[PDB]
Structure formats: C-alpha cells, structure tokens
Amino acid sequence: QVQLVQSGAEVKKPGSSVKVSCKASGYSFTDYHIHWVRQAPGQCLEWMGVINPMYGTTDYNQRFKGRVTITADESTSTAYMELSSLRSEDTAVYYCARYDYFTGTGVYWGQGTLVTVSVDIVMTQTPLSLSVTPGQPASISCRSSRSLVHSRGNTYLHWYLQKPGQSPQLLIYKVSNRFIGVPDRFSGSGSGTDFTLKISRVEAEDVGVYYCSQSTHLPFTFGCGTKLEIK
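Taken in order, the sequence shown gives residues 1 to 118, 144 to 256; the numbers are from the entry's author numbering.
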C-alpha cells in the first residue's frame, strides 16, 4: 500500500531552520513527484514546492524563494523540505504529497508535521462554513481567478476533504472524476472558472474541511476551505 510517513513535530525559535522528512513506500519512489504543502492556522493551504526525485529537479513557490530547499534521497525513498529563517508566520502543519499525472494532483499525503515557531491563480470558496441537517444535501462552490482548462478534455480542478485530525484526502479530481472508494453521493461539476462540489445526502463521516485545488498552472493553489458540520 502507498504510504508517506513524515518526521515528528518540531518546536523552533524564530530565525532557526527546520528540515522535515517524508519517507515513501509501496511504489517506485523515482517515478512520482513529491510536493510540499503547508497549512497555516488560518487553514488556507499553501503550496511550497515540488521535487522530481528521478532527476532532483525542483520548483518552488516564489513567496518562499531563497528560504525553502526540497531534496530527495533515492536510497532511503525519502524527500525533505528545509525551511530556514523561520518567522512566527511559518507556524503550520507541513505536508508532503505524491502527485501523479492520471489525477494530476496529490493523492497520497503524509500525516503532516506540525512546526511551531514560538502569477498565482486565486481560488475562492463559498461558503466559509455550513451546517447540515443529517441526511440533507450540501453544495460548495469554488471560483478561480482564471480558467482551469489545461487542454482538450483536461481541467485540473480537484476537491479534498480533511476529516478532523486527518490529512486532506482526495474526493474528486479533474472536476468530476471520483477517486477510489469515494461514494457516488459526492459529485463535482462546473467548467472554466466556476465549480461545485455537491454531497447528495450528508453522513456523519462527511464532517471536516473541504478544499478546492487547481493544478492547471504552477504554483498549485487551493481554496481556503469550507468547514462542514452536522447540526
């Protein structure tokens, strides 16, 4: 089974450096890109960078240029993210995620590493939170600053659910494709810049934060999330 296991939580002073590990197993390590995404306390998801472990080639989010270094060790099947000159604004849960070109997005995520410091497409999610009567439907909207159409038949707009205390899990990829084991009560629609995730009947297991994500253009970007509650 594909697994990403990250190093433990870190408490750091401002100005220090942190290096987070991401140990991969269950697939050929060099055949997939490893991306790093952080979740700051305002719960928006911020893409930091990527490593192609076959060649050691990287790409970083400009906001972090000269501060982040992503490395990969093929002999240990481990990817690393080093963040230097830590500010209190860097307090966040750092995640590694394995990207593939069938979904076009991060499918397998590490459990996350809490680090406590003691040209972007804008993704707008609506509503900020909602509560639903058990068994009732729910609808979450995502609007992008520019078209997410990548090429003929390909729009890289995805929906994740982050259950409480868990990592984001992929529900829908490429607007309406349902990921493995995702029940048919989750359905995605839309085109260009306007998208919707519909839940036909909300179950107790559906509680959490839903995110839209685009991987049509670098830097990959996410919506700031929709908290769903049952009430």
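Just so you know, even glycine gets a beta-carbon here, dropped at the ideal spot from N, CA and C.
- What are the uninterrupted segments assigned as alpha helix (DSSP H) that are 4 or more residues long and contained completely in the segment 193 to 226, given in chain order? Note on the segment 193 to 226: there is no whole alpha helix (DSSP H) run with a minimum of 4 residues.
- Message: Would the segment 156 to 170 count as touching the segment 223 to 231 if we require 3 or more Cβ pairs under 8 Å?
- Response: Yes, the segment 156 to 170 is in contact with the segment 223 to 231.
- Message: Less than 8 Å between the beta carbons of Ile146 and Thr246, yes or no?
- Response: yes
- Query: Could you give the C-beta distance for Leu243 and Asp90, rounded to a whole number, given that I count them as a contact under 8 Å?
  - Reply: Their Cβ separation, rounded to whole angstroms, is 21 Å, which puts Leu243 and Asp90 out of contact at 8 Å.
- Query: Any idea if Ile205 is buried or exposed, counting beta-carbon neighbours within 10 angstroms, 16 or more meaning buried?
  - Reply: exposed
- Task: Starting from the Cα of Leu114, find the closest Cα among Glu254, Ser21, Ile255 and give me that residue.
- Result: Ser21
- So is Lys199 buried or exposed if we call it buried at 16+ other beta carbons inside 10 Å? buried
- Task: Return the first residue and the last residue of the beta strand (DSSP E) that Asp73 is part of.
- Result: 68 to 73
- Item | First and last residue of the uninterrupted beta strand (DSSP E) at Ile146 | Looking at the DSSP string, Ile146 is not in any beta strand (DSSP E), and its letter there is neither H nor E.
- Quick one: residues in its chain with C-beta nearer than 6 Å to the C-beta of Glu10, no 5 flanking neighbours on either side, listed in chain order? Excluding sequence positions up to five before and after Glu10, its CB lies within less than 6 Å of the CB of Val18, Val115, all in the same chain and listed in chain order.
- Query: Does the Cβ-Cβ distance between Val117 and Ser88 come in under 8 Å?
  - Reply: yes
- Query: Whose CA, out of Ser240, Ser212, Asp73, lies closest to the CA of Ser172?
  - Reply: Looking at the Cα atoms, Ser240 is the closest of the given residues.
- Taking 8 Å as the cut-off, decide whether the C-beta atoms of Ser192 and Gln111 are in contact. yes
- Endpoints, the beta strand (DSSP E) within which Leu155 is located: 154 to 157
- Neighbour-count burial assignment, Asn179, 16 or more Cβ in a 10 Å radius: exposed
- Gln187, DSSP secondary structure in three states: strand
- Query: Given that a residue counts as buried once 16 or more other Cβ atoms are within 10 Å of its Cβ, and exposed if not, what is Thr78?
  - Reply: Counting Cβ neighbours within 10 Å, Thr78 comes out buried, since at least 16 surround it.
- Query: Got a sec, what are the start and stop residues for the beta strand (DSSP E) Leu114 sits in?
  - Reply: 113 to 117
- Item | Element boundaries [beta strand (DSSP E), containing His175] | 174 to 176
- Message: For a test of the three-state rule: what should DSSP assign to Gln43, helix, strand or coil?
- Response: coil
- Task: Confirm, please, whether the CB-CB distance from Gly248 to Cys96 is below 8 Å.
- Result: no
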